[PDB]
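Here the structure comes first, spelled out in C-alpha cells, and everything after it is commentary.
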Amino acid sequence: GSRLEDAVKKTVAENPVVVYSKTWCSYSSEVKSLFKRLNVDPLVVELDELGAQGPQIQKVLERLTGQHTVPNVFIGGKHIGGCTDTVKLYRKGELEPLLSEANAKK
Ligand SMILES: *SC[C@H](NC(=O)CC[C@H](N)C(=O)O)C(=O)NCC(=O)O
C-alpha cells in the first residue's frame with residue numbers, strides 16, 4: 001500500500017503529464033483529445049486494463065488527490081483534477097504555461 005503510493009508518486013514525477021484513465025470513460029477520452037490538440041503525449045494509465053491493481057491505484061489516488069473520478073490528471077508532478085478542471089485551466093490561459101514549465105514533450 002505504501003509502495004503503491006510511492007510508485008504513483010514516482011510516476012507523476014517521471015512524466016510531464018500523467019492521465020489516470022479508464023478506456024470507456026468519455027471525460028477521459030475528452031482530456032486525452034485536448035492533450036493531443038496541444039501536441040502533448042501524456043503517460044496514460046488505464047485503470048480498467050490493470051485488473052485487480054486498478055481499484056488499488058484508485059484508492060491511492062483518492063488519498064493523494066481527494067478525487068475518486070477519472071480522468072485524474074497530473075502535470076509537472078502536481079495534481080490538476082479531471083477533464084473539466086483541465087479545460088478550465090486551458091480557458092484561463094494557465095494550461096500551456098504549466099505544460100511548458102513541466103517540459104511536456106512533443
Ligand atoms: S467517465 C467515469 C466517471 N468520470 C467522471 O464523471 C468525471 C467528471 C469530471 N467532472 C471530469 O473529469 O471532467 C467516473 O470516474 N465515475 C466514477 C464514480 O464514482 O462516479
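We label chains A, B, ... in the order they appear in the C-alpha cells, count residues from 1 in each chain, and number ligands from 1 in the order shown.
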Task: ligand 1 neighbours within 9 Å using only C-alpha atoms and all ligand atoms, as a PyMOL selection string - done: chain A and resi 21-31+67-73+81-87
- [ ] For residue 76 in chain A, work out the shell of residues within 8 Å, counting only C-alpha atoms and skipping chain neighbours fewer than 3 positions away, then give it as a VMD selection string.
- [x] chain A and resid 12 to 13 15 to 17 98 to 99 101 to 103
- [ ] Just the strand (DSSP E or B) stuff from chain A, please, per backbone DSSP, written as JSON, numbers by chain.
- [x] {"A": [17, 18, 19, 20, 21, 43, 44, 45, 46, 72, 73, 74, 75, 78, 79, 80, 81]}
Task: Atomic separation - CA of residue 104 in chain A relative to CA of residue 62 in chain A, Å - done: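 Separating CA of residue 62 in chain A from CA of residue 104 in chain A is a distance of 24.7 Å.
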Task: A:20, A:88, A:36, A:79 ranked by distance to residue 50 in chain A, top pick (using only C-alpha atoms) - done: A:20
Task: Among listed residues A:91, A:59, A:78, A:66, nearest residue 5 in chain A (using only C-alpha atoms) - done: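 Closest candidate: A:59.
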Task: Nearest to residue 55 in chain A, chosen from A:4, A:89, A:95, A:38, with only C-alpha atoms counted in the distances - done: A:4
TODO: Quick one: pull the distance between CA of residue 94 in chain A and CA of residue 65 in chain A, Å, one decimal.
DONE: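 Rounded to one decimal, the two atoms are 19.9 Å apart.
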Task: Distance criterion (only C-alpha atoms): nearest to residue 11 in chain A out of A:43, A:90, A:96, A:106 - done: A:43
Task: Nearest candidate to residue 80 in chain A (options A:32, A:19, A:58, A:49; using only C-alpha atoms) - done: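 Looking only at the distances to residue 80 in chain A, the closest residue turns out to be A:19.
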